[PDB]
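In each ligand, atom 1 is the first atom listed, and ligand 1 is the first ligand listed. Only heavy atoms go into these numbers, but all of them, side chains included; no hydrogens, no water, no symmetry mates. We name chains A, B, ... by the order of the sequence lines, and we start the count at 1 in each one.
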Amino acid sequence: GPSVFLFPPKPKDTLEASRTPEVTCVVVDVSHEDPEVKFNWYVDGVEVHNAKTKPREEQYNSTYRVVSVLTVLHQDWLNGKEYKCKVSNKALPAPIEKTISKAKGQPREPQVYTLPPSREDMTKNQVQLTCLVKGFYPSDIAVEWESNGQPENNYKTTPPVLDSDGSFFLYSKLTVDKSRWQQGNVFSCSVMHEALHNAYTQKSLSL
Amino acid sequence: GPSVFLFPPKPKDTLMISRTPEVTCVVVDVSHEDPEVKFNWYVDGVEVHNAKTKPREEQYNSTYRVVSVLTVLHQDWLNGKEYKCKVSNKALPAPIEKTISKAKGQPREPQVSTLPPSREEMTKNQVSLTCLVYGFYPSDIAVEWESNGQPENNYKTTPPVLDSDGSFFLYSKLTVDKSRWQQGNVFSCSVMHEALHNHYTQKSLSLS
Amino acid sequence: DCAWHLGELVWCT
Ligand SMILES: *[C@@H]1O[C@H](CO[C@@H]2O[C@@H](C)[C@@H](O)[C@@H](O)[C@@H]2O)[C@@H](O[C@@H]2O[C@H](CO)[C@@H](O[C@@H]3O[C@H](CO[C@H]4O[C@H](CO)[C@@H](O)[C@H](O)[C@@H]4O[C@@H]4O[C@H](CO)[C@@H](O[C@@H]5O[C@H](CO)[C@H](O)[C@H](O)[C@H]5O)[C@H](O)[C@H]4NC(C)=O)[C@@H](O)[C@H](O[C@H]4O[C@H](CO)[C@@H](O)[C@H](O)[C@@H]4O)[C@@H]3O)[C@H](O)[C@H]2NC(C)=O)[C@H](O)[C@H]1NC(C)=O
Ligand SMILES: *[C@@H]1O[C@H](CO[C@@H]2O[C@@H](C)[C@@H](O)[C@@H](O)[C@@H]2O)[C@@H](O[C@@H]2O[C@H](CO)[C@@H](O[C@@H]3O[C@H](CO[C@H]4O[C@H](CO)[C@@H](O)[C@H](O)[C@@H]4O[C@@H]4O[C@H](CO)[C@@H](O[C@@H]5O[C@H](CO)[C@H](O)[C@H](O)[C@H]5O)[C@H](O)[C@H]4NC(C)=O)[C@@H](O)[C@H](O[C@H]4O[C@H](CO)[C@@H](O)[C@H](O)[C@@H]4O)[C@@H]3O)[C@H](O)[C@H]2NC(C)=O)[C@H](O)[C@H]1NC(C)=O
């Protein structure tokens with residue numbers, strides 16, 4: 001029969017007041033003969049009725065993909081509420097249930113440190129700017145770069161890595177042309193996390 | 001039926017001439033009624049004969065785990081040779097084949113640099129020493145830390161991340177008591193990769 | 001020349 005996958009909201013969505021965080025219950029392998037999927041959503045065991053179903057989508061491998069999206073409040077997700085999606089279909093012996101919530105455990109505040117490029121690094125066309133983010137829990141985080149109010153998009157960030165004290169760390173690497181760095185421009189690493197003051201901090205870096 | 005999983009050597013074993021790199025063909029779900037497995041091995045299509053079968057291991061779920069190990073030459077693996085394991089068994093309408101090799105693509109030399117703790121970290125009981133390794137291809141690599149010839153084990157390394165120029169990067173972070181840093185100890189980041197001179201480079205780091 | 005890692009031989013050119 002069908003298979004169910006339940007996805008959390010994006011970290012950035014739960015951390016910005018203006019954005020709308022949602023939990024997403026994806027049902028793949030839905031047949032053509034019995035396409036009807038019934039969803040029941042529960043928040044800490046309490047059934048809710050405001051979920052919204054995406055347009056049904058033909059996959060062309062004999063199956064439908066059926067999605068139910070449940071909007072969630074920022075405080076609810078962050079206060080660790082558990083979200084259960086229950087999927088029923090004629091091709092299932094019994095309904096499938098999945099549950100998702102924020103990782104449990106005391107939140108810890110990220111330590112954000114910007115690290116200039118090595119002087120041994122300076123013979124290339126572009127330099128590498130580093131932002132170390134450590135000591136954070138849970139691992140849900142968003143990291144970005146900007147300069148003079150403008151977004152700087154040429155970066156890569158590593159996945160969070162579990163550290164020896166049970167918290168997480170990552171590095172983000174921004175690559176910029178050597179000249180811009182040499183000319184004393186300020187580049188900033190922006191971090192969003194639940195345990196930061198105002199769910200936000202910024203650290204800057206310059207020659 | 002039985003299933004086959006074929007695993008490459010450890011990067012370190014392919015990179016240290018004093019080590020022995022090997023490829024490993026694991027066959028799971030081998031039945032009690034037909035435990036006999038035949039292995040054929042191929043190097044770039046040419047059959048080789050020097051593989052050896054590891055001791056059979058019965059599993060908690062009533063199946064056997066049968067494993068063939070093929071030793072390989074450092075430079076053949078590093079030159080991109082393709083290793084094929086072919087598995088036959090009566091409970092298997094047709095033999096199963098798997099091939100693995102080094103990722104294809106011109107090798108690029110890792111750029112290794114160390115980075116001292118931020119000034120802002122100096123307030124803490126412990127400080128982070130950073131080793132950035134970038135511009136390397138392929139992604140196969142080993143990064144370790146040491147000081148005074150002794151390994152320093154309190155580190156963590158990020159998995160390799162694909163960069164926008166098609167090379168990989170990673171960071172390695174060693175955590176030490178602030179006092180060991182203040183005491184002027186030299187700490188070294190060791191990188192092993194095919195595209196380095198002698199497969200090895202070392203970058204050091206101490207209080208300035 | 002040769003490279004060594006914690007006393008163990010790595011490679012020589
Ligand atoms: C018929 O085809 C379908 C469709 O597949 C596509 O079309 C076919 C023809 C091929 O071309 C495919 O290549 C195409 O994908 C097949 O459906 C697939 O089934 C797979 C297994 O049955 C299933 O695998 C599971 O995937 C999980 C991860 O899914 C992620 O990531 C994949 C790719 O990495 C992506 O394709 C998925 O869509 C999904 O993406 C996430 O979606 C969520 C929800 O939309 C996103 O979150 C939301 O985002 C919005 C804004 O965009 C908003 O912010 C919301 O708040 C937020 O919630 C999220 O961003 C997406 N992430 C990413 C990275 O993209 C795995 O986790 C899972 O593994 C787990 O379970 C396994 C055991 O079961 C374990 O091994 C494992 O460790 C894990 O525990 C599975 O691997 C595929 O997802 C699914 N593909 C799709 C598109 O649904 C079908 O199988 C096939 N049928 C037949 C009979 O052949
Ligand atoms: C009956 O039971 C058996 C055994 O089950 C075990 O015990 C029980 C009690 C449970 O706890 C199990 O979880 C235990 O494994 C079942 O056998 C399992 O079947 C799985 C598939 O059905 C198979 O999954 C595949 O695993 C691949 C990675 O496997 C790694 O890692 C796991 C742990 O992470 C480890 O258990 C495996 O043995 C294997 O470990 C590697 O072994 C190799 C070879 O020995 C090592 O390489 C060598 O190392 C030496 C140093 O000693 C030297 O360096 C050599 O040079 C070098 O070659 C290597 O280091 C080991 N790595 C690690 C980390 O330990 C996955 O990659 C693979 O995924 C692929 O396929 C998927 C789809 O199928 C895709 O999602 C994906 O994209 C990939 O393509 C599979 O998930 C298990 O490995 C296997 N377990 C064992 C022990 O073999 C059996 O299924 C069950 N049967 C029934 C009917 O119920």
Output a table of donor-acceptor pairs, distance under 3.5 Å, between side-chain atoms of residues 6-13 of chain C and any protein atom two or more places apart or on a different chain; print 'none' if there are none.
| from | atom 1 | to | atom 2 | distance (Å) |
| --- | --- | --- | --- | --- |
| C:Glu8 | OE2 | B:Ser18 | OG | 3.4 |
| C:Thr13 | OG1 | C:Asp1 | OD1 | 2.9 |

If you measure only the distance, is there a donor-acceptor pair under 3.5 Å linking the side chains of [X] and [Y]?
X        : Y        : result
B:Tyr134 : B:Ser167 : no
A:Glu109 : A:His197 : no
A:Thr130 : B:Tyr171 : yes

List the atom of A:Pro117, the atom of A:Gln128, and the distance in Å for their closest heavy-atom pair.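 Looks like CB-O, 3.4 Å.
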Are there any protein N or O atoms under 3.5 Å from the N or O atoms of ligand 1? List them with distances, or say none.
| from | atom 1 | to | atom 2 | distance (Å) |
| --- | --- | --- | --- | --- |
| ligand 1 | 2 (O) | A:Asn61 | ND2 | 2.3 |
| ligand 1 | 38 (O) | A:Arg65 | NH2 | 3.3 |
| ligand 1 | 49 (O) | A:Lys10 | NZ | 3.2 |
| ligand 1 | 56 (O) | A:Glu22 | O | 2.9 |
| ligand 1 | 58 (O) | A:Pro8 | O | 2.8 |
| ligand 1 | 58 (O) | A:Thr24 | OG1 | 2.9 |
| ligand 1 | 60 (O) | A:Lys10 | NZ | 2.7 |
| ligand 1 | 89 (O) | A:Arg65 | NE | 3.0 |
| ligand 1 | 93 (N) | A:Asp29 | OD1 | 2.6 |
| ligand 1 | 93 (N) | A:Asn61 | ND2 | 3.0 |
| ligand 1 | 96 (O) | A:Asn61 | ND2 | 3.3 |

Polar side-chain atom of A:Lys134 near backbone of A:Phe169 as donor-acceptor pair, under 3.5 Å: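 A pair under 3.5 Å: no.
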